[PDB]
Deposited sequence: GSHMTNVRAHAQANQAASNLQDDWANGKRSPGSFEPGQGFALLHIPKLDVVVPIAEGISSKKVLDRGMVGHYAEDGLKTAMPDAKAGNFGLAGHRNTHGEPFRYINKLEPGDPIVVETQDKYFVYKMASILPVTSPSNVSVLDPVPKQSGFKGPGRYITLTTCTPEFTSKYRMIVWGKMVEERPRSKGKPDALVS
């Protein structure tokens, strides 16, 4: 279904005024209810990290409580930047595709080449998953992006964060 606990990066979505830590795993108690977004990491759902030259970096966040980081990801439009900041790099993605409603059992949206995204082959992707409609957990909403810049921290913030 969709939805250690150690925070290892920061997710920035400038259009949504979102800055939020990413932790390993999608536990409600240890991660999402702590106001963080979670990297799918267990039960066969483990996805690639952004530093991999190909893969799908999958993340889950709350729609409606604890800082509600993904409450408005349906307001993203093609080209809107999504930035993952790590100790060593900035990974800049741009929004590419949206699946506004799907079954919580539809885990194939986290595949290396995510099903239903319209992506044709291997690339470097990000997947954001949250609940829909608001204040329920009936369905899931999925937003996908594609990497456009891998930037060493020594080069300062990417344009997207300024």
| query | finding |
| --- | --- |
| In sequence order, the deposited-sequence ranges that have no modelled C-alpha atom | 1 to 10, 14 to 35, 195 |
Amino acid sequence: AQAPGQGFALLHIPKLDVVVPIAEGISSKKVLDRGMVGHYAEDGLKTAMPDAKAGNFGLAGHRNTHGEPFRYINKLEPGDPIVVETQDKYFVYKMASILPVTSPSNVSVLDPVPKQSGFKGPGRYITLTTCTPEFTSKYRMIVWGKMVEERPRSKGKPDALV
From here on, numbers count along this sequence of modelled residues.
item: Comparing 113 to 121 with 131 to 139, the one whose average Cα B-factor in the PDB entry is higher; value: 131 to 139
item: Average Cα temperature factor in the PDB entry - higher stretch of 36 to 44, 55 to 63; value: 36 to 44
item: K146 CA temperature factor, ranked by third within the chain; value: middle
item: Chain-wide C-alpha B factor ranking for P14, given as lowest, middle or highest third; value: highest
item: Ranked C-alpha temperature factor of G25 among modelled chain residues, by third; value: middle
